[PDB]
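The block underneath contains the structure these notes are about, expressed in structure tokens.
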Amino acid sequence: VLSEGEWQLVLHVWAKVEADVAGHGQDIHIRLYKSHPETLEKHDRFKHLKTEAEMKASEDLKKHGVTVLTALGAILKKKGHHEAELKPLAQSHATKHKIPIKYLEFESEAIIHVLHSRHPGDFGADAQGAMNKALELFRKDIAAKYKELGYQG
Ligand code: HEM
């Protein structure tokens with residue numbers, strides 16, 4: 001459970017994300033696929049984007065990153081009270097896309113990397129710690145939902 005002050009730090013940096021959701025999403029996904037190349041294989045439509053410039057020019061990838069960050073932002077704004085928002089995401093990621101928790105850890109690492117890169121003055125130790133706790137909670141709760149659906153990834 002996060003403190004109210006921790007949630008405030010999470011939401012303060014998230015408001016900075018929201019000044020450019022598309023660009024943050026692009027940077028996060030480019031970092032994810034570069035750092036952990038096994039992850040790109042779950043996106044059949046993005047496999048032909050072989051350079052960073054091609055990834056940045058893809059409208060499809062850019063739109064997908066807005067879809068991802070919008071869902072995550074809406075979860076974060078519930079400050080842990082997120083069952084209703086989390087269930088559909090667990091349902092598709094467990095039973096359709098088959099995304100292991102380890103890959104959600106990789107994406108979380110990429111989120112934190114991009115937030116520090118773009119917002120160092122608003123992403124010091126206490127804010128990093130708060131965002132880490134928020135993402136850890138998201139991953140803990142989605143893992144429990146994965147298992148409810150029969151998925152042990
Ligand atoms: C912060 C974590 C993530 C969030 C919030 C998120 C959110 C979403 C949302 C909202 C969709 C669209 C609706 C749906 O199918 O559920 C989606 C689709 C998808 N996600 Fe995720 N996602 C996350 C992490 C991942 C990771 C780590 C992978 C795999 C490496 C992944 C692979 C996919 C795939 C393959 C699709 C469907 C894409 C398509 O067919 O167009 N997701 N995700």
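Could you count how many residues in the stretch 104-134 are free of Cβ contacts under 8 Å to residues at least 60 places away in the same chain and farther than 21 Å from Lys42 by Cα?
The number of residues fulfilling the criteria is 8.
When the residues of the stretch 51-68 are filtered to those that are within 11 Å of the ligand (Cβ to nearest atom) and aliphatic (A, V, I, L, M), which remaining residue is nearest to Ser92 (Cα to Cα)?
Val68
Consider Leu40 against the criteria (1) closer than 23 Å to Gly124 by Cα; (2) within 13 Å of the ligand (Cβ to nearest atom); (3) aliphatic (A, V, I, L, M); (4) more than 14 Å from the chain's Cα centre (by Cα): it satisfies all of them except one. Which criterion is unmet?
With respect to (1) closer than 23 Å to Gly124 by Cα; (2) within 13 Å of the ligand (Cβ to nearest atom); (3) aliphatic (A, V, I, L, M); (4) more than 14 Å from the chain's Cα centre (by Cα), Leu40 is out only on (1).
Of all residues in the stretch 122-134 being in a helix (DSSP H, G or I) and not small (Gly, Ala, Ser), which is surrounded by the fewest Cβ atoms within 10 Å (Cβ to Cβ)?
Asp126
Considering every residue within the stretch 135-148, establish whether at least one is closer than 23 Å to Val13 by Cβ, crowded, with 18+ Cβ neighbours inside 10 Å and touching a residue at least 60 places away in the same chain (Cβ under 8 Å).
There is at least one residue in the stretch 135-148 that is closer than 23 Å to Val13 by Cβ, crowded, with 18+ Cβ neighbours inside 10 Å and touching a residue at least 60 places away in the same chain (Cβ under 8 Å).
Out of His12, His48, report the one residue that is in contact with a helix residue (DSSP H, G or I) (Cβ under 9 Å, 6 or more places away or on another chain), more than 14 Å from the ligand (Cβ to nearest atom) and more than 25 Å from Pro100 (Cβ to Cβ).
Values: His48 fails: more than 25 Å from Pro100 (Cβ to Cβ).
Among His12, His48, only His12 is in contact with a helix residue (DSSP H, G or I) (Cβ under 9 Å, 6 or more places away or on another chain), more than 14 Å from the ligand (Cβ to nearest atom) and more than 25 Å from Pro100 (Cβ to Cβ).
From the list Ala71, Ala94, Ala84, pick out the single residue that is surrounded by fewer than 18 Cβ atoms within 10 Å (Cβ to Cβ), more than 9 Å from the ligand (Cβ to nearest atom) and in a helix (DSSP H, G or I).
Details: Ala71 fails: more than 9 Å from the ligand (Cβ to nearest atom); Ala94 fails: surrounded by fewer than 18 Cβ atoms within 10 Å (Cβ to Cβ).
Residue meeting the stated conditions: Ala84.
Looking at the stretch 21-33 only, could you name the residues that are more than 8 Å from the ligand (Cβ to nearest atom) and in contact with an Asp or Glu (Cβ under 8 Å, 6 or more places away or on another chain)?
Within the stretch 21-33, the first condition is being more than 8 Å from the ligand (Cβ to nearest atom), and the residues that meet it are 21-31, 33.
Result: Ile28, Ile30.
Suppose we filter the stretch 97-121 for residues that are under 18 Å from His64 (Cα atoms), near the ligand (Cβ under 10 Å from one of its atoms) and assigned to a helix (DSSP H, G or I); how many remain?
Here the count works out to 7.
Positions of Cβ are generated from backbone atoms using ideal geometry, with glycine treated the same way; all protein chains shown enter the neighbour counts. Bear in mind that the values in this text are calculations on the coordinates, not laboratory data.
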